[PDB]
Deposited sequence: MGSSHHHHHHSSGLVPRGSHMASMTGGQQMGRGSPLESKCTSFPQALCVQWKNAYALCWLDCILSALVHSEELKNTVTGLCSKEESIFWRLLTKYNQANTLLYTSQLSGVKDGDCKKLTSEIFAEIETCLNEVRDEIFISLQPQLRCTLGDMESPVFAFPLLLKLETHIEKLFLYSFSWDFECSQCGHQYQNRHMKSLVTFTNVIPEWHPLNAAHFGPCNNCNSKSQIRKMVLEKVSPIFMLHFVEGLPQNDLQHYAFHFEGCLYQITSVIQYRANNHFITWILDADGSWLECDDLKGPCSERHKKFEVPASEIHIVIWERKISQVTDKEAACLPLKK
């Protein structure tokens, strides 16, 4: 009962983003409250997805319905691809990275980008030579590698080298300052473990919980996992037809957890 995009050439890097977007509650509520809705590529995305999804419910005329679903979904995927193509310089057959494409897609519309932009500082001190810094940034997708075993959004540290003396395995830490309604991170080697409830956090009184994950399966295929209302999970694997697959638990190996999406909750 959850329609999804079918594979087209190398586009799973885009498919995983589109599935994350159309299942986001905060994105939906913002899009419906936009001035000049029809002018928004995100309005068009959510509207066309909803029409395809409604068609799929209608399905349970078969050949006509599935033709309409494909044309509907392919049209809005192609519109978004063409919007990104000048910046990624990509063809449909080129393998790309959602880590590169997601921030560029958000930047297309400031009212949507604002949902994702958080402020933080990178803090670093070298135990060997004293080199230290605190650098403030505002971003929509930060990348982590070599995280500490006990990594947590409220203790978001990783190992890295000193640029002054080249000592290895110093500590660099993301210190959150202001968190957006949607908060996303990229993990090069996944998370230390895959029990996602552990990574929920409060910040300035608001609860953030993980609502979707992009899996990097077998280092060659992106698949989006969506948390449903009753606690089950939807796997959107574009190689598996028009409908998504329901799972009771969340089954991504920890090392394949690529992009993690938290959302602010009541």
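Legend entry - Non-modelled portions of the deposited polymer sequence, in sequence order: Several stretches lack coordinates - namely 1 to 46, 107 to 117, 324 to 338, in sequence order.
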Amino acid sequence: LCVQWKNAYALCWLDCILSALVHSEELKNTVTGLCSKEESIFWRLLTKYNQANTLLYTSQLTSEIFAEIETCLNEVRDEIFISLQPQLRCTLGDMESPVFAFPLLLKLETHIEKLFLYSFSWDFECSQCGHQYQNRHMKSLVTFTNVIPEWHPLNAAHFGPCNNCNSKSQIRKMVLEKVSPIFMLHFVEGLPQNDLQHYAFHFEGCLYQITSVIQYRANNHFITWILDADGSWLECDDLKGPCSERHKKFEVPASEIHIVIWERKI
From here on, numbers count along this sequence of modelled residues.
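Inset, instruction - State which stretch shows the higher mean Cα B factor in the entry: 206 to 214 or 29 to 37. - result: For C-alpha atoms only, the mean B-factor is higher in 29 to 37.
Legend entry - Entry-level comparison of average CA B-factors, 194 to 202 and 226 to 234, reporting the higher stretch: Mean CA B-factor is higher for 226 to 234.
Legend entry - Options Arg172, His152, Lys178, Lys107 - largest CA temperature factor per the record: So the option with the highest C-alpha B-factor is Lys107.
Inset, instruction - Return the residue from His158, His137, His111, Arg77 that has the highest Cα B-factor in the entry. - result: Of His158, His137, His111, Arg77, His111 has the highest C-alpha B-factor.
Inset, instruction - Would you mind ranking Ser121 by its C-alpha B-factor against the rest of the chain and naming the third, lowest, middle or highest? - result: Bottom third by C-alpha B-factor.
Legend entry - Third of the chain's Cα B-factor distribution that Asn166 belongs to, per the entry: Ranked within chain, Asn166 CA B lands in the highest tercile.
Legend entry - Third assignment of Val252 from its chain's C-alpha B-factors: For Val252, the deposited C-alpha B-factor lands in the middle third.
Inset, instruction - Would you mind checking where the Cα B-factor of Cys12 ranks among the modelled residues of its chain, as the lowest, middle or highest third? - result: Middle third by C-alpha B-factor.
Legend entry - For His258, the third of its chain into which the C-alpha B factor falls: Lowest third - that is where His258 ends up once the chain's C-alpha B-factors are sorted.
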